[PDB]
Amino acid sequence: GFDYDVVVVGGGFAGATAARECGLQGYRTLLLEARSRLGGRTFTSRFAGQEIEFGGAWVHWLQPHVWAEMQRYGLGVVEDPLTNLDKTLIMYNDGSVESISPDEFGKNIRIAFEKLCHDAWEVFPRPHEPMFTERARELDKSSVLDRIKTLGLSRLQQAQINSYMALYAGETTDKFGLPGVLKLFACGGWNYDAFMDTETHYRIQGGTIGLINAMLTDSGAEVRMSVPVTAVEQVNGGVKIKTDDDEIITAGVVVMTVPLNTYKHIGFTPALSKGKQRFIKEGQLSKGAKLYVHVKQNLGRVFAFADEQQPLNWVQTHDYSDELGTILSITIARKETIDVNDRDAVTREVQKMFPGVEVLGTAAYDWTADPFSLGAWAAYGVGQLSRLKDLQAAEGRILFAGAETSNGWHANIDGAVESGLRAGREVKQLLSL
């Protein structure tokens, strides 16, 4: 007596995957997306006459779940040739910028990274079972900064790795859970070069939006946008779903794939488990934002790290020419450090790194301000990883997915896909046993 067998909440990779699994089993399926677009924390846009990625975009064949889907839908990779860099810069907490030879810059980040992840084999022999070893559980008492303090790195090496880890945290490294970081490294074959190959090297042919829609089309599911879910209530036979318009939708089961930081917007009746409530109140620690700057000058192929007390923590050349100038792709760990949508504030901070540049224009997506992300990529705080089951657990007729709920590449498109396959299996169990 329901409108649908399955309602999937959220049109990111986790929801699109869950919808495709449910739809192909014959279940009448609906996907409700709060924004007026699909993709979630993946979003391809346009800036200065060129395509840009405001959110997630980069994949790799070491990421098993997204790669299998690419082969199901016959999508290849689109390589970002990483080239020989013209410039590598480090900006320290005090704001001083230093130019390093790219080969010595690369050597020192590898030393720091390999020292940071020296024990990945022992802690995560099975990276897709994060709590398999007691050492992983014990490490969940430490932050990343706890480890960095013991590694005896140089001032350069520490700034490099701390900027890198603050990026992965979307936060200062004293708050960043350490096992989450090692686990990702382990997922990449416990190997520096293999893991690095996954970071910003390959994109999906046809974009992330193509794969999401390839799955949703395959699913046959009904898709509705601009429909934020305000409450989910467990009532006889199914669940009852409240949009904003005081529209009411019935389903046998609901798959929630919303970002953890947005559970704040949704009333649950009855109340969810106390372990899950503790997670919703904690949230995830990323406060990242994405920004593109078009400068008049041709700066060539640049790369920069900026330490956590500075705003432009990750700078890369997206494209360059004497005609164009330079389009810089910038990721900001913490949106406290700058207002990416205030252009003069952006202009001063870019000039601190490349003095005397002229900014023609800027484009920014403040993920932490967006009510339907309120944060960026998944980043676990201290002690959160060892309780991941509490967030994964089904709650009666409510199932939970999303990249935060995956076991493997939790900071990635792939963890989102992984959670979608899990949710689809759980739907089948609930609806069919």
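Each form is matched to the other, and the largest set of C-alpha atoms that superpose within 1.5 Å is called the rigid core. So that there is no doubt, residue numbering starts at 1 and follows the sequence shown.
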* To do: Between 227 to 235 and 81 to 89, pick out the one whose C-alpha positions differ more from the shown form in 4 other deposited structures of this protein, using the rigid core for superposition.
  => 81 to 89
* Which of 335 to 343 and 145 to 153 strays further in 4 other deposited structures of this protein - Cα RMS after rigid core alignment -> 335 to 343
* To do: Can you let me know which of the two, 62 to 70 or 392 to 400, has the higher average C-alpha B-factor in the entry?
  => 392 to 400
* Between 49 to 57 and 402 to 410, point out the one with the higher average CA B-factor as the PDB entry records it. => 49 to 57
* Member of 118, 155, 242, 201 with the greatest C-alpha B factor (per the PDB record) -> 242
* Candidate set 206, 125, 238, 177 [ranked by C-alpha B-factor, highest] -> 238
* Going by the recorded CA B-factors, say which third of the chain residue 368 sits in, lowest, middle or highest. => highest
* Asked: Split the chain's modelled residues into thirds by Cα B-factor; is residue 81 in the lowest, middle or highest one?
  -> highest
* To do: Sort the modelled residues of this chain by their C-alpha B factor and say whether residue 182 lands in the lowest, middle or highest third.
  => lowest
* Cα B factor band for residue 303 (lowest, middle or highest third within the chain) -> middle
* Asked: Split the chain's modelled residues into thirds by Cα B-factor; is residue 89 in the lowest, middle or highest one?
  -> middle
